[PDB]
Amino acid sequence: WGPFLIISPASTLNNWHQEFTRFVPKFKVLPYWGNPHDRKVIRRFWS
DNA sequence: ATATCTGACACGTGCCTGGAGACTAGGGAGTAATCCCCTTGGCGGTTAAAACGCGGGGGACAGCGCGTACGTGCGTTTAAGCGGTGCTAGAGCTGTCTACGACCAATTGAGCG
């Protein structure tokens, strides 16, 4: 139930969420990339 | 001589600028009906137009004198850097209310009697 963070090379910003659909699907996982208002706006959801 | 530096020189992704495709549906383009308009054009009370006889004053001097110019004195002017550090815009985010949408009433313009 803790907060955690992953940093990765950009071409791996896909398997890093797909793994959390099969190994254990229970996690609250948030991707973060895109145009400024694609990405930054997700910080207004978790606050 | 040597450590290691400053290009060489490239593909990493960010940002936004900037283009073209397929859709709705806003609105532009095509049109009569018909009115009512810009326009043509005679009418006579009123002022543009130019002399003669004339009044108001434009015009050219002489020189007095209340102000105007130079350009240096001298003490008062802003310059000037660079200490601290509050202001200031960025900017991240609400937390609504305020102006702008959706449904339908008082008051108006059109018809002719």
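Readers should treat all values here as calculations from the given coordinates under stated rules, not as data from a laboratory. Please note: Cβ atoms are built from the backbone with ideal geometry, for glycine as well, and neighbour counts cover all protein chains shown.
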- Query: Tell me, what ³J(HN,Hα) does each residue in the range A:3-10 have, in order and in whole Hz, if you take phi through Karplus 6.51 cos²θ - 1.76 cosθ + 1.60 with θ = phi - 60° and put x for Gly and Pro?
  - Reply: x, 9, 9, 10, 10, 8, x, 4
- Neighbour-limited loop hits for trypsin sites (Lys or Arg not before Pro), chain A (at most 15 other Cβ within 10 Å; DSSP other than H, G, I, E, B): A:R22, A:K26, A:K28
- Apply the Karplus parameterisation 6.51 cos²θ - 1.76 cosθ + 1.60, with θ equal to phi minus 60°, to every residue of the range A:27-39 and state each ³J(HN,Hα) to the nearest whole Hz, in sequence, with x for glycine and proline. 6, 7, 9, 10, x, 9, 6, x, 4, x, 7, 6, 8
- Query: If each Cα of chain A is one equal point scatterer, what is log10 of I(q)/I(0) from the Debye formula at q = 0.21, 0.29, 0.31, 0.32 Å⁻¹?
  - Reply: -0.88, -1.24, -1.25, -1.25
- Gain upon complete extension [A:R22, A:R43; 0.36 nm per residue less C-alpha separation]: 5.0 nm
- Task: Work through the residues other than A:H37 whose Cβ is under 13 Å from its Cβ and net out their charges, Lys, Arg +1 and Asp, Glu -1.
- Result: +3
- Where chymotrypsin sites (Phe, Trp or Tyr not before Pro) fall in DSSP loop in chain A, at most 13 other Cβ within 10 Å: A:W1, A:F4, A:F23, A:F27, A:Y32, A:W33
